[PDB]
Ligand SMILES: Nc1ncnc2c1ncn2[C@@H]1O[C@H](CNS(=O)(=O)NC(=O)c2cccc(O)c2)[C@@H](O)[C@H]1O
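Just one chain is shown here, as structure tokens, and it is the form deposited without the ligand.
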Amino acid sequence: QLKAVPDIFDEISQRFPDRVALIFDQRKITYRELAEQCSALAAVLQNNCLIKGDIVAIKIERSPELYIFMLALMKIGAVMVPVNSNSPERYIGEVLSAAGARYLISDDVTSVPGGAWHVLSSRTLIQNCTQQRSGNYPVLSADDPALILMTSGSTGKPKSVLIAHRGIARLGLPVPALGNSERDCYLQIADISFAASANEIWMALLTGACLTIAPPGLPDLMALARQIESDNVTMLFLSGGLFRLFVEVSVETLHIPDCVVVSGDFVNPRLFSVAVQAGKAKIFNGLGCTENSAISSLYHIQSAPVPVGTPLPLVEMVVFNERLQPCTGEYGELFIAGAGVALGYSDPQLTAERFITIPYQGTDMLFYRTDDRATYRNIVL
């Protein structure tokens, strides 16, 4: 039942109109209010001459408006390019050109680089939203492009990864290991230009759960700790750096949530031991990668080479040997298939370098080649 993100959010906001969707400081926004404002904003963007397929980058500090724009842009069929607000304008130009961005919606127009793109003031556009919500919006498919994320090329330059609607609409499907539902609360702290931010934004908003939004800027751990407690975050995603620092300075905060998921490259396993011993929360190691759109697998730390764990719904992960059969103790290479798989890189030749069709379980599947050595059941990188 995999629909485009606007369609899944419509079903969710119609099923949970009186649940809280967004929290920011003192502002709280219900799902019904979020749908209303997204509809009025989508009508405003179509008056500013935005149409389906337009590559539109977003540079807006963490705020409710940030996510309203994300929803309104995808409803009118556009492809978002989220841009990190804590990055110098030397590198924003580079990102827009690598993405092909034609527009840039920004909260601080004064600080934008120079290129073949029109810059739109998020502040004025929000002010233009006046009571009008009805427009004609495209039929969108799960495979239509939804957003463009950057990974690093082999010389360190931004390299475009094109994400389909399904890559993030899959996050609407509850994750058995986590037991998540519309009753949970998530924290938006990962930068929007990382794939990891999709774990927070879309597991919340496509399930009926609440997203509490961290203040803009670099992390301030006393403020974050107060916010996790006061808003009662129950599903906490942390990068490896933020996880390790919390274990080092305030490990008790990690046991306010029901579940903590650590993403990004392998954390020292010793850090997981200290954490699970300090309390009740379920602590998971997560595998995610930009080319599979978001979090792809979870491994639950029971107690004390952290494994990859169980893949998420609609994701397939296999360790393939030289016969292109699953490895028996046999060392091999990790490949990822399923709903998450990126539409690809900027052109077919680049794509063919890491995305390959392999027969598996009687079905020709498109796999992303991680280039990461691995073996097994369970999978360890």
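From 1 onward, residues are counted along the sequence shown. If you superpose the two forms and keep the largest set of C-alpha atoms that fall within 1.5 Å, you have the rigid core.
S.K.: Would you say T310 goes unmodelled in a third or more of the other compared entries?
M.R.: Across the compared entries, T310 is modelled every time.
S.K.: Could you tell me whether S97 lacks coordinates in at least a third of the other compared entries whose models cover its neighbours on both sides?
M.R.: Negative; every one of those entries includes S97.
S.K.: Scan the PDB entry between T328 and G329 and report the missing deposited residues as one of none, 1 to 3, 4 to 9, 10 or more.
M.R.: The entry has a short gap there, with 1 to 3 residues left out between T328 and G329.
S.K.: In terms of residues present in the deposited sequence but not modelled, what lies between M222 and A223: none, 1 to 3, 4 to 9, or 10 or more?
M.R.: Missing in between: none.
S.K.: Please work out which of 46 to 54 and 335 to 343 has the higher mean CA B-factor as recorded in the PDB entry.
M.R.: Stretch with the greater average CA B-factor: 46 to 54.
S.K.: Mind pulling up the entry and telling me whether 272 to 280 or 192 to 200 has the higher mean Cα temperature factor?
M.R.: According to the entry, 272 to 280 carries the higher average C-alpha B-factor.
S.K.: Given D108, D258, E229, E182, identify the residue with the highest C-alpha B factor in the PDB entry.
M.R.: When the deposited C-alpha B-factors of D108, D258, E229, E182 are compared, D108 is largest.
S.K.: Could you say which of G93, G172, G240, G217 has its CA atom at the highest B factor, as listed in the PDB entry?
M.R.: In the PDB entry, the greatest C-alpha B-factor among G93, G172, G240, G217 is found at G93.
S.K.: What third of its chain's C-alpha B-factors does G208 belong to: lowest, middle or highest?
M.R.: CA B-factor rank for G208: lowest third.
S.K.: Looking at the temperature factor on the CA atom of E33, which third of the chain's modelled residues does it land in?
M.R.: Its C-alpha B-factor, which the entry lists for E33, ranks in the middle third among residues of this chain.
S.K.: Could you look up the Cα B-factor of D144 in the entry and say which third of the chain it sits in: lowest, middle or highest?
M.R.: CA B-factor rank for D144: middle third.
S.K.: Thinking about Cα B factors across the chain, which third does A21 belong to?
M.R.: Lowest third - that is where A21 ends up once the chain's C-alpha B-factors are sorted.
S.K.: Per the entry's values, where does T351 land by CA temperature factor relative to the rest of its chain, in the lowest, middle or highest third?
M.R.: Middle third, going by the recorded CA B-factors of the chain.
Not pictured, yet referred to below: the form solved in complex with the ligand.
S.K.: Using a 4.5 Å heavy atom cut-off, which stretch among 95 to 103, 129 to 137, 76 to 84, 263 to 271 contacts the ligand in the deposited bound form?
M.R.: Within 4.5 Å of the partner lies stretch 263 to 271.
S.K.: Any chance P174, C259 and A281 all have a heavy atom within 4.5 Å of the ligand in the deposited bound form?
M.R.: The answer is no: none of the three residues contacts the partner (heavy atom, 4.5 Å cut-off).
S.K.: State the residue from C210, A169, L236, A195 whose non-hydrogen atoms include one within 4.5 Å of the ligand in the deposited bound form.
M.R.: Residue within 4.5 Å of the partner: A195.
S.K.: Can you pick the one in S121, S141, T310, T290 that has a heavy atom within 4.5 Å of the ligand in the deposited bound form?
M.R.: Only one listed residue qualifies here, and that residue is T290.
S.K.: At 4.5 Å between heavy atoms, is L2 in contact with the ligand in the deposited bound form?
M.R.: Answer no; every heavy atom of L2 is more than 4.5 Å from the ligand in the deposited bound form.
S.K.: So, in the deposited bound form, is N199 in contact with the ligand at a 4.5 angstroms heavy atom limit?
M.R.: Judged by the heavy-atom cut-off of 4.5 Å, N199 is in contact with the ligand in the deposited bound form.
S.K.: Can you tell me if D372 lies within 4.5 angstroms of the ligand in the deposited bound form, counting non-hydrogen atoms only?
M.R.: Heavy-atom contact with the ligand at 4.5 Å: present for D372.
S.K.: Since only the chain is shown here, I'm wondering whether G286 would be in contact with the ligand in the deposited bound form (any heavy atom pair within 4.5 Å).
M.R.: Yes - in the deposited bound form, heavy atoms of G286 and the ligand come within 4.5 Å of each other.
S.K.: Quick one: with the rigid core lined up, which of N136, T110, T155, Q131 moves its CA 2 Å or more between this form and the one not shown?
M.R.: None of the others reach 2 Å, which leaves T155.
S.K.: With a C-alpha distance change of 3 Å or more, do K157 and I60 lie closer or farther in the deposited bound form?
M.R.: Their C-alpha distance grows by at least 3 Å in the deposited bound form.
S.K.: What happens to the Cα distance from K157 to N86 in the deposited bound form: does it get closer or farther than here, with a change of 3 angstroms or more?
M.R.: Relative to the displayed form, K157 and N86 move farther apart in the deposited bound form - a change of at least 3 Å between their C-alphas.
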